[PDB]
Every structure is written in C-alpha cells, then in structure tokens.
Amino acid sequence: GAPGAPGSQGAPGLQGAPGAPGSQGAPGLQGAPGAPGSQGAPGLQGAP
Amino acid sequence: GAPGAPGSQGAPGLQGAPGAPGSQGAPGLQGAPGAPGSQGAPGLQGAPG
C-alpha cells in the first residue's frame, strides 16, 4: 500500500435554480391621458 | 534424523486491496436544478382608457 490517494470531488457548483423567466415582458404601463375635448364650432357667430 | 515440519505459510487467497474511496459512503451529489416562481403576477391594471 502507499499511493492510495483518490483526489476526486463530488459535483460542486451546481446549485442554482435554472429557469429564470429571463425577461417576461410585463403587465403594461399606465398610458398617459389626453385632454378629452373635441373639435367643433367655437365660433363667436351664434344663432342666426 | 527426524527433521520436523513447521508447516509453510503463504498467501491466504484474498489479495484484493479494498481501497477504492467509495466505502459505501454515498459520494457527491449531482447538479442542483431549479426553476422560476410567481414572477410578476400583476393584479389590477391601470386601464386609463
């Protein structure tokens, strides 16, 4: 006997949880609004 | 004159040096897999409209 010296090692460095969404889009931002007026006839001329 | 016989000895028969490091000891584990979770699960939404 003598050189008996197994220098191996079990599986290291394999721990993480693979399967990250790796980016998954998103629910969606709240859009900015706008003035809900409208085009029309705001003319000084009124009832004929 | 009457030379005796001690009885010679020798190799018993099992010459297999049992020295592999397995030792029945459950060796290293194997790559730990994984997965994602409940990522964003957004509830209500702004709905400006």
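How each quantity is defined
- Residues numbered from 1 in each chain as written, not as in the entry; some residues may be left out.
- Chains lettered and ligands numbered in written order.
- Part of a larger assembly, values for the part shown.
- Heavy atoms only, no water.
- Helix = DSSP H or I, 4+ residues; strand = E, 2+ residues; numbered from the N terminus.
- Buried < 20%, exposed > 50% of the residue type's maximum accessible area, 1.4 Å probe, protein only.
- Areas by Shrake-Rupley, 256 points an atom, 1.4 Å probe, with all protein chains shown as cover.
- Contact = heavy atoms within 4.5 Å.
- Buried area = accessible area lost by both parts, 1.4 Å probe.
- Salt bridge = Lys/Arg side-chain N within 4 Å of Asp/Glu carboxyl O.
- Polar contact = N/O pair within 3.5 Å; in protein donor to acceptor, adjacent residues only side chain to side chain.

- Structure determination for this PDB entry was carried out by cryo-EM, with a resolution of 9.8 Å recorded in the header.

### So, the overall build of chain B
Thought 1: Of regular secondary structure, chain B possesses zero helices and zero strands.
Thought 2: Each of the three principal axes of chain B carries a C-alpha extent, and together these read 125 × 10 × 10 Å.
Thought 3: In chain B, which comprises 49 residues, the share counted as buried stands at 0%.
Thought 4: Put simply, chain B shows about 4,400 Å² of open surface, and 60% of that area lies on carbon and sulfur atoms.

### Observations regarding the overall build of chain A
Thought 1: Of the regular secondary structure elements, chain A holds zero helices and zero strands.
Thought 2: The buried share among the 48 residues of chain A stands at 0%.
Thought 3: For chain A, the accessible area works out to roughly 4,300 Å², and carbon and sulfur atoms hold 60% of it.

### Focus: the interface of chain A and chain B
Thought 1: Tallying the contact residues gives 15 residues for chain A and 17 residues for chain B.
Thought 2: Summed over both partners, the interface of chain A with chain B buries about 1,100 Å², with 61% contributed by carbon and sulfur atoms.
Thought 3: Counting the contacts that link chain A with chain B gives zero salt bridges.
Thought 4: Across the chain A-chain B interface, the total number found is five residue pairs in polar contact.

### Comments concerning the environment of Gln-24 of chain A
Thought 1: The exposure class of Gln-24 of chain A is partly exposed, given its relative accessible area of 43%.
Thought 2: In the structure, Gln-24 of chain A is positioned 16 residues away from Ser-8 of chain A in sequence and 40 Å away in space, judged by C-alpha atoms.
Thought 3: Contacts of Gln-24 of chain A, omitting those with residues within four sequence positions, involve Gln-39 and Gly-40 of chain B.

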